[PDB]
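Protein chains in written order, with the deposited numbering: chain A, 127 to 146, 155 to 213, 223 to 289; chain C, 4 to 37, 41 to 118, 127 to 206, 211 to 306, 344 to 408, 421 to 785, 791 to 1185, 1192 to 1210.
Accompanying notes for the structure given below.
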């Protein structure tokens, strides 16, 4: 991205010479990055993050910078436009969170009373709100809230 | 219309009592629902004229209408109405004065404008001045008090005048005036400006030097109660005055006790408790009339002491407070009840969230029962009820206290129960206390009292009052278990009590339109009696049992009947239920249709226990009906019911394998579908595996091992990972059920070896099945396994590689001597594959038996240490995790070595060893608790100075420990706080920058540590705010507000969370907290920038607005310009 920005700054003169995928230098770089992400490479990275978040719920400390950068790259692509972010990680992440929370709730309610369940529900909701406000997009805040 | 109002006004001065009550009602109705100026003036004038009439009904109607009238009118009309009402209030006519006062009160209540309130307050201030008349003064005081209670926000620049006008009323000869002005001052204190409170306090302090006048103390108490947070700064000048005045001879200590209690309840922060504790103790003792309520106040004063304060429990116990409280138990009822309440509050506060409070309480227990013994002979029901409640509370707070006092307390209980004058409440309390004592005491100290406890219980059973009958039934049920406990051996001839206890119970079995609670209690008692004393009953056992069937039809006692049947079925004694089995089992099958989770579970458990205990007497008829309700019960919607159904099927197959050809209808299909359920986990998987194993052992046509394998792995040959795990585990369990399945392994090997005509799914499933089946059996006998496994390790996809590694790790557990060394040397052999092999080793330590792993520890440790220093970061992480997992075993042999490595180890070695111990922490208790607690000290304290990576890993480990187990960093938090605070500071030596034109980009090599420190600080808020100081904590946060975007959002969220915690500290510095925030919000996007920067700054601004909004819940907070004004509606 830094190289693309520098090149666009260098050749804006040529960028303003046509009459009319996209011809813009920044647009060309973003399209190239999107193409490089389309190949199965993403299937690893998008999958890898799913482990880290899970580890964050297992008492382990993970690196939030990597996930923040990955989410920023995903949201920036798709030319805000959130099509790729919505069809790539949003649905899978939401399904994984639903399944994990359902399993945890079932396991807890199987051998614990309701007061403890309420307390851990508060804890998990607060942790989820923290995660959303830290390293997730604002538009998803409501989506994962209700 | 105009004519309507005209004729209404014309008929309003009608001279007929009933024509002036209809017009007013019509006007009120028309005004209530949603009018020219002349009409408004005319109607207002008519209403004012009619306000004074010779009839009460019309006057009351006009007064009521005055309220809604002001709701829809201009300001001048309200002003003139108020003026005329105030002028009339000065008239000498009592009726007119009362009418005006009521109208003004109604107008004030109707209101939520400002000029009207100012004029009213001015008029009251002028009128309240010293005057001969008292009625007008009282009316004005009442109006002012009502206005203050309703409105207390406006009139900021009028408080001094009100205070000055009200002060002279304090010394009024009428006590009513003094009380009214005290109440008015207390109400006005809430409204106020802030500078007036200091003047009022100073005036009261200087006026305290007075003769015998209790008005000042009453006013002080009232203002303290109305506002305690604004008076805590002047206690040093008030406490000495009351302390010195307590020496007076006249009986006036009541006010001092009341104000002390109010201060204790409201103002918690103070250190003058012992100064007044002795005074209260001596005051409660003296007695010589008007001397009882002073004692009552002294006794009640200790209620706040015993309730609010809790850290001072031991000093209460060691002091003479409880001793005096127990000693003063033979006084009049009014003070005795308050003493009982105070000691009950103390006992309640004793229960928490050298010697512990419980041990000290027991030492005084012998001094309590005796003190209550005489109280058991009192004829007052209140004293007996208080004693019973005290005994119940004492037994509840700690069991095993009244062990050597049953002989002296039982007679009192019997005497109280046998008393005819005892009320229903007293009997209920006595029965509850007896039940609590029996349920929280050893049965061995109740046998001699059976003869004295059975007659009264039986007598209480025959009581028209239903609650007493229920209590007696519960006591009988408890005594049934206490007399003949099946958990421990006993030797006591209870046969003489078999008849009467039954007679009082069976008589209650026949409900015949009785209370539901009574029916439930009787059913429970009958079930308990049948379960415990089932052999003693003779010919009366069967017939009564038949009545249970009548209870299975109605839904009122269905759950209770099912629970009783389940309890009866499971018991050491052999009870014959066959006569009610054929007619009982089908009815239970009808309870699975209606949607009732509790009922479904109860009936399933009852059927399971009945089949397990009674398997010889069974018929296929009822079994078929029962099996029909299973298919709609095994589903992914509910997991608890699925496990119960699986267990029931397993039990039925185990004790009745004949009826296994009917489940093939839909039960097998449902089980197969549930096997691939993503939510399948927990005990349900184990239950299903056990059911499959039992089915394989039994054996049935079309349900053989080959058929089961084909049905399970049928669709795969012709999607969720948990489904693959479940299928592999089921295959492994089925293979284990048959110890001779040689062909299966060779077939799986052939299928896996054939790359062609075998997609990734089949290979993954085969590898998972091989790994699952190779754990509990040894596969070293068959060759060609290592070669194919190693060949499969190299594949394009990663899922297959991970599955192969997991399978190899699981298989290595089987034959450790033959597999562990092979992988150990293979790790060093190839450098391009060890990264996978190491992962397999991670399973061994987590899957292999520790006793069997003892011999192969030194080699693994040496390999890990040799591979600890590696260029690859992933390999370093893997070896660190392996070392951490291995550190769990024999900690006493490894911990000293780890401590030693920190004295001369390298940076990489230190990082690896500190990372290894990070994973040792677990949420649940572990046997390495004290060892880790003692070891983590030097790890956390003296290992953050030298290096950067070492600092980062230490901070990460500290954060992980705080998140999982914060008790380890509880005693050393202060010892590490300086280092953590220092690490938060930014370093400009570790910030590199490269510039190649107008653009600029800054790279920071130390930003990772700052993020870890901030995360640790945030996570420390869980259960450590009570220890760490606030002032020294928020300075670094204030400095860090101006930091990186991620840190900025984290700090904003910290501030949002801090809004509900210690708001006083946040408010004391809001100015400097928000100043950097305002500076950031006043930032502008750099010109000629990509949309990414615009969006990033937009989210930063929204987060800042959310933070300030949360904090708000006036340093130039009104800065809403043209554009920003459109932002807030998007945030809220």
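Every residue gets a Cβ at the ideal spot worked out from N, C-alpha and C, and that includes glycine.
Checklist entry - Is it right to say residue 94 of chain C is buried, meaning 16 or more other beta carbons lie within 10 angstroms of its own, or is it exposed? => result Counting from one through the second chain, the residue named residue 94 of chain C turns up at place 88. Buried, because 16 or more other Cβ atoms sit within 10 Å of the Cβ of residue 94 of chain C.
Next on the checklist: Between the alpha carbons of residue 753 of chain C and residue 950 of chain C, how many angstroms are there, rounded?
Outcome noted: Numbered from its first residue, the second chain carries residue 753 of chain C at position 686. Numbered from its first residue, the second chain carries residue 950 of chain C at position 878. Between residue 753 of chain C and residue 950 of chain C, the C-alpha separation is close to 31 Å.
Item to check | Whole-angstrom distance between residue 573 of chain C and residue 508 of chain C, CA atom to CA atom | outcome: Taking the first residue of the second chain as 1, we reach residue 508 of chain C at position 441. Taking the first residue of the second chain as 1, we reach residue 573 of chain C at position 506. If I take the Cα positions, the gap works out to 28 Å.
Next on the checklist: Considering only heavy atoms of the ligand COA, does any lie closer than 8 Å to the CB of residue 965 of chain C?
Outcome noted: The model on display carries no ligand, and the ligand COA is accordingly not part of it.
Checklist entry - For the candidate residues C:595, C:615 and C:510, whose alpha-carbon lies nearest to that of residue 555 of chain C? => result Taking the first residue of the second chain as position 1, residue 555 of chain C is located at position 488. Ranking C:595, C:615 and C:510 by Cα distance to residue 555 of chain C puts C:510 first.
Item to check | According to DSSP, residues forming a beta bridge with residue 1064 of chain C | outcome: Position 992 of the second chain, counted from the first residue, corresponds to residue 1064 of chain C. DSSP lists C:1075 as partners of residue 1064 of chain C.
Item to check | chain A contact residues for residue 749 of chain C, given Cβ-Cβ distances below 9 Å | outcome: Counting from one through the second chain, the residue named residue 749 of chain C turns up at place 682. Within chain A, the residues near residue 749 of chain C are 246, 249, 250 and 253.
Checklist entry - Can you give the Cα-Cα distance for residue 653 of chain C and residue 692 of chain C, rounded to whole angstroms? => result Reading the second chain from its first residue, position 586 is the one you call residue 653 of chain C. Reading the second chain from its first residue, position 625 is the one you call residue 692 of chain C. Near 7 Å, if we compare the C-alpha coordinates of residue 692 of chain C and residue 653 of chain C.
Checklist entry - CB residue 989 of chain C to CB residue 956 of chain C, shorter than 9 Å? => result Translated into the one-based positions of the second chain, residue 989 of chain C becomes position 917. Translated into the one-based positions of the second chain, residue 956 of chain C becomes position 884. Their beta carbons are under 9 Å apart, which means residue 989 of chain C touches residue 956 of chain C by this criterion.
Next on the checklist: For residue 248 of chain A and residue 260 of chain A, I'd like the C-alpha separation in whole angstroms.
Outcome noted: One-based indexing of the first chain puts residue 248 of chain A at position 105. One-based indexing of the first chain puts residue 260 of chain A at position 117. One C-alpha to the other measures close to 8 Å.
Checklist entry - Along chain C, in chain order, which residues have C-beta atoms closer than 8 Å to that of residue 223 of chain A? => result Position 80 of the first chain, counting from 1, holds the residue named residue 223 of chain A. In chain order: 1163 and 1167.
Next on the checklist: Our contact map puts residue 383 of chain C next to residue 356 of chain C with C-beta atoms below 8 Å; I'd like the distance itself, whole angstroms only.
Outcome noted: Along the second chain, read from residue 1 onward, the residue named residue 383 of chain C stands at position 328. Along the second chain, read from residue 1 onward, the residue named residue 356 of chain C stands at position 301. The Cβ separation is near 14 Å, so there is no contact.
Checklist entry - Quick one: which chain C residues come within Cβ less than 7 Å of residue 194 of chain A? => result Walking along the first chain from the start, residue 194 of chain A turns up at place 60. The answer, in chain order, is 1032.
Item to check | Below-9 Å beta-carbon distance, residue 561 of chain C vs any chain A residue | outcome: If you number the second chain from 1, residue 561 of chain C lands on position 494. With 9 Å as the cut-off, residue 561 of chain C does not count as an interface residue toward chain A.
Checklist entry - Below 9 Å between beta carbons: does that hold for residue 453 of chain C and residue 471 of chain C? => result By one-based count along the second chain, residue 453 of chain C stands at place 386. By one-based count along the second chain, residue 471 of chain C stands at place 404. No, they are not a contact pair.
Checklist entry - Hey, is residue 1202 of chain C's beta-carbon within less than 9 Å of any beta-carbon in chain A? => result Here residue 1202 of chain C corresponds to residue number 1124 of the second chain, with the count starting at 1. For residue 1202 of chain C, the answer is no, since every Cβ of chain A falls outside 9 Å of its Cβ.
Next on the checklist: Let me make sure I understand the geometry here. Which of C:918, C:857, C:850 and C:878 has the alpha-carbon closest to that of residue 889 of chain C?
Outcome noted: Numbered from its first residue, the second chain carries residue 889 of chain C at position 817. Of the listed residues, the one whose Cα sits closest to residue 889 of chain C is C:850.
Checklist entry - Taking the alpha carbon of residue 348 of chain C as the point to measure from, which residue in C:366, C:376, C:374 and C:386 has its own alpha carbon closest? => result By one-based count along the second chain, residue 348 of chain C stands at place 293. With distances taken between Cα atoms, residue 348 of chain C lies closest to C:386.
Checklist entry - Who are the near neighbours of residue 576 of chain C in its chain, counting only those whose CB is closer than 7 Å to its CB and skipping five residues on each side? => result Here residue 576 of chain C refers to the residue found at position 509 when the second chain is read from its first residue. Within the same chain, residue 576 of chain C has close Cβ partners 589, 593, 611 and 614.
Next on the checklist: Please report whether the beta-carbon of residue 259 of chain A lies at a distance below 9 Å from any beta-carbon of chain C.
Outcome noted: Sequence index remark: in the first chain, residue 259 of chain A carries index 116 (1-based). No, residue 259 of chain A does not count as interfacial toward chain C.
Next on the checklist: So if I threshold CB-CB distances at 8 Å, which residues from the stretch 688-710 of chain C count as touching chain A?
Outcome noted: 706 and 707
Checklist entry - Can you name the start and end residues of the alpha helix (DSSP H) that residue 167 of chain A belongs to? => result Taking the first residue of the first chain as position 1, residue 167 of chain A is located at position 33. Element bounds for residue 167 of chain A: 159-172.
Checklist entry - Between residue 277 of chain A and chain C, is there a C-beta pair that is closer than 9 Å? => result Residue numbering aside, residue 277 of chain A sits at position 134 when the first chain is read from its first letter. True, the Cβ-Cβ gap to chain C drops below 9 Å.
Item to check | Nearest neighbour of residue 345 of chain C, chosen from C:143, C:271, C:1203 and C:490 [CA to CA] | outcome: The residue labelled residue 345 of chain C in the question sits at position 290 within the second chain. For residue 345 of chain C, the nearest C-alpha among the options comes from C:271.
Checklist entry - Which residues in the same chain have their Cβ closer than 8 Å to the Cβ of residue 205 of chain A, if we skip the five residues on either side of it in sequence? => result By 1-based counting over the first chain, the position of residue 205 of chain A is 71. 228, 232, 278, 279 and 280, listed in sequence order.
Checklist entry - Can you name the start and end residues of the alpha helix (DSSP H) that residue 996 of chain C belongs to? => result Taking the first residue of the second chain as 1, we reach residue 996 of chain C at position 924. Careful: residue 996 of chain C lies outside any alpha helix (DSSP H) and carries neither H nor E.
Checklist entry - Counting pairs of beta carbons, one from the stretch 1051-1058 of chain C and one from the stretch 994-1001 of chain C, are three or more of them closer than 8 Å? => result no
Checklist entry - Nearest chain C C-beta to residue 132 of chain A closer than 9 Å, yes or no? => result Taking the first residue of the first chain as 1, we reach residue 132 of chain A at position 6. Chain C, which has a Cβ nearer than 9 Å to the Cβ of residue 132 of chain A, makes this yes.
Checklist entry - Applying a beta-carbon distance threshold of less than 7 Å, which residues of chain A neighbour residue 1028 of chain C? => result Walking along the second chain from the start, residue 1028 of chain C turns up at place 956. Under the 7 Å cutoff, chain A gives 195.
Checklist entry - Quick one: what does DSSP say residue 1039 of chain C is sitting in, helix, strand or coil? => result For the purposes of this step, residue 1039 of chain C is taken as the residue at position 967 of the second chain. Of the three classes helix, strand and coil, the one that applies to residue 1039 of chain C here is coil, per DSSP.
Checklist entry - Per DSSP, residue 702 of chain C forms a beta bridge with which residues? => result Here residue 702 of chain C refers to the residue found at position 635 when the second chain is read from its first residue. DSSP lists C:705 as partners of residue 702 of chain C.
Checklist entry - Do the CB positions of residue 461 of chain C and residue 408 of chain C come within less than 9 Å of each other? => result The residue given as residue 461 of chain C occupies position 394 in the second chain. The residue given as residue 408 of chain C occupies position 353 in the second chain. Result no, Cβ atoms of residue 461 of chain C and residue 408 of chain C do not sit closer than 9 Å.
Checklist entry - Which word fits residue 1031 of chain C, buried or exposed, when buried means at least 16 other C-beta atoms lie within 10 angstroms of its C-beta? => result Looking up residue 1031 of chain C in the second chain gives position 959. Under this definition residue 1031 of chain C is a buried residue.
Item to check | Cβ-based neighbour list, residue 1091 of chain C, same chain, cut-off 7 Å, excluding 5 preceding and 5 following | outcome: The sequence position of residue 1091 of chain C within the second chain is 1019, counting from 1. Hits under 7 Å: 1031, 1034 and 1035.
Checklist entry - Quick check: the stretch 1123-1143 of chain C against the stretch 187-197 of chain A, are there 3 or more CB pairs under 8 Å? => result no
Item to check | Beta-carbon proximity list for residue 840 of chain C, same chain, < 8 Å, skipping 5 on both sides | outcome: As a working mapping, residue 840 of chain C is identified with position 768 in the second chain. Correct list, in chain order: 796, 797, 799, 800, 875, 878 and 879.
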